[PDB]
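Just below is one structure, and these are the notes that go with it.
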Amino acid sequence: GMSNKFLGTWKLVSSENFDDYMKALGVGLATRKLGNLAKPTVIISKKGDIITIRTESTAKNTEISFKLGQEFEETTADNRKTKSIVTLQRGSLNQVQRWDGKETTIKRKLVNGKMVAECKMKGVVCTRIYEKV
Ligand SMILES: CCCCCCCCCCCCCCCC(=O)O
Ligand SMILES: [Cl-]
């Protein structure tokens, strides 16, 4: 299952192309501003076979818990109600969210000790880099 090196508290240090990604998701302007300003903390933890990803920012927190490979209901930070599945592919922790026949992926991998998240909607790609605190 998931590498223990994912477990811990992660802080955003770099974001690329997040605004166009949020536009692809249908996010409104007020919320995009929040998203472009935020420098969230992402906390990855595991208990039994359940992984939890908790995101904290000044303006919004989110939290998901899941078993690898098992679909679950999710309410995203921009208030989409999705059905989501997290898988593991060659060390990459990959989240797919589906709603209304739409799909977006968030792939989280470790690179030189940093967590790199690739976000993709309709071919629009962003890259968000985190340092482990
Ligand atoms: C805490 C996020 C900031 C708040 C902005 C809310 C509107 C956009 C959120 C939708 C997708 C977020 C994907 C995050 C990927 C990551 O963990 O880097
Ligand atoms: Cl913040």
Side-chain angles (χ1 to χ4, degrees):
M2 182 178 75
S3 169
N4 290 323
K5 288 190 205 194
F6 274 106
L7 302 175
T9 288
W10 297 91
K11 180 80 172 167
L12 187 75
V13 294
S14 169
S15 183
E16 160 169 48
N17 206 24
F18 193 51
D19 196 48
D20 278 352
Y21 175 73
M22 290 183 287
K23 287 180 186 185
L25 291 177
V27 182
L29 181 46
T31 304
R32 290 214 307 280
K33 283 179 71 79
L34 294 178
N36 290 319
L37 249 160
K39 307 193 176 294
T41 305
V42 173
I43 303 145
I44 304 178
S45 66
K46 190 173 177 166
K47 185 201 306 203
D49 290 319
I50 302 298
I51 298 163
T52 299
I53 304 176
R54 179 176 174 84
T55 303
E56 292 171 359
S57 72
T58 290
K60 280 249 194 262
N61 304 328
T62 62
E63 195 178 292
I64 59 174
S65 298
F66 51 89
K67 173 157 77 194
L68 208 73
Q70 181 177 82
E71 189 172 83
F72 63 97
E73 305 297 327
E74 173 174 10
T75 297
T76 66
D78 54 316
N79 216 38
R80 290 167 289 121
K81 299 289 191 180
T82 71
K83 295 186 184 293
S84 304
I85 308 175
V86 182
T87 50
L88 191 66
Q89 281 182 264
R90 290 160 241 101
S92 192
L93 185 72
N94 299 162
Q95 181 179 11
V96 64
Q97 307 167 330
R98 300 182 173 97
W99 74 108
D100 293 334
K102 309 161 178 179
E103 183 185 289
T104 186
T105 54
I106 306 91
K107 299 187 181 173
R108 292 172 174 99
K109 59 175 182 193
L110 306 174
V111 181
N112 299 144
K114 306 181 186 191
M115 183 173 67
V116 181
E118 183 205 64
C119 22
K120 186 181 317 191
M121 174 64 176
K122 293 193 289 183
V124 182
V125 175
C126 41
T127 303
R128 286 161 70 84
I129 307 166
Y130 297 76
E131 295 275 2
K132 194 169 217 270
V133 323

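In each ligand, atom 1 is the first atom listed, and ligand 1 is the first ligand listed. FYI, side chains are in, hydrogens and waters are out, and symmetry mates aren't considered; it's all heavy atoms of this structure. If you read the sequence from its start, that first residue is 1, and numbering goes on from there.
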request  = From the options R80, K81, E63, select the one residue that forms a side-chain contact (heavy atoms from CB on, under 4.5 Å) with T75.
outcome  =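 Output: one option passes, namely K81.
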
key: Option passing side-chain contact (heavy atoms from CB on, under 4.5 Å) with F66 (candidates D49, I85, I53, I50)   =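 Testing each of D49, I85, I53, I50 against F66, the sole residue satisfying side-chain contact (heavy atoms from CB on, under 4.5 Å) is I53.
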
key: Between CD1 on residue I106 and OG1 on residue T104, distance to nearest 0.5 Å   =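 Taking CD1 in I106 and OG1 in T104, the distance rounds to 5.0 Å.
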
Which of the ligand 1 atoms, numbered from 1, are nearer than 4.0 Å to a heavy atom of [X]:
X: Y130; value: 16 (C), 17 (O), 18 (O)
X: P40; value: 1 (C)
X: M22; value: 8 (C)
X: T55; value: 1 (C)
X: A77; value: 6 (C), 9 (C)

Of all the non-hydrogen atoms in the protein, which one sits nearest to [atom], and at what distance?
atom: atom 10 (C) of ligand 1; answer: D78 OD1, 3.5 Å
atom: atom 5 (C) of ligand 1; answer: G35 CA, 3.5 Å
atom: atom 13 (C) of ligand 1; answer: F18 CE1, 4.2 Å

ask   = Is there a path from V42 to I64 through hydrophobic residues (I, L, V, M, F, W, Y) whose side chains come within less than 4.5 Å of each other?
value =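 Looking at the clustering, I64 is in the same group as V42.
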
ask   = Considering only heavy atoms, which of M115, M121, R128 lies nearest to atom 14 (C) of ligand 1?
value =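 Looking at heavy atoms only, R128 sits closest to atom 14 (C) of ligand 1.
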
query = If you measure from each heavy atom of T31 to ligand 1, is any distance below 4.0 Å?
reply =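 The answer is yes, since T31 has a heavy atom less than 4.0 Å from ligand 1.
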
request  = Report yes or no: does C119 have a heavy atom closer than 4.0 Å to ligand 1?
outcome  =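 For ligand 1, residue contact (heavy atoms, under 4.0 Å) with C119 is absent.
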
ask   = Out of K39, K11, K114, which one pairs with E131 under the salt bridge (charged side-chain N to carboxylate O under 4.0 Å, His left out) rule?
value =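 Going through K39, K11, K114 one by one, the salt bridge (charged side-chain N to carboxylate O under 4.0 Å, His left out) with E131 is satisfied by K114 alone.
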
inquiry  = Does ligand 1 come near enough to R108 that some N or O of the ligand is less than 3.5 Å from an N or O of the residue?
reply    =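 For ligand 1, there is an N or O atom that lies under 3.5 Å from one belonging to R108.
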
Audit row: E103, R98, salt bridge (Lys or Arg N to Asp or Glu O under 4.0 Å) steps and yes/no = CA-CA 5 Å; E103 183 185 289; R98 300 182 173 97; 3.3 Å; yes

query = Closest heavy-atom contact between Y21 and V124?
reply =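 Minimum heavy-atom separation between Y21 and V124: N-CG1, 3.6 Å.
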
inquiry  = If we check side-chain hydrogen bond (donor to acceptor under 3.5 Å, both in side chains) with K83, which of these qualifies: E73, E74, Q97, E71?
reply    =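 Single pass found, and it is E73.
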
key: Under-4.0 Å heavy-atom contact with ligand 1, by part of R32 that carries it   =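 Under 4.0 Å from ligand 1, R32 contributes no heavy atoms.
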
key: Cation over ring face, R128 and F18, 6.0 Å, 45°   =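 Relative to the ring axis of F18, which defines the angle, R128 lies inside both limits.
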
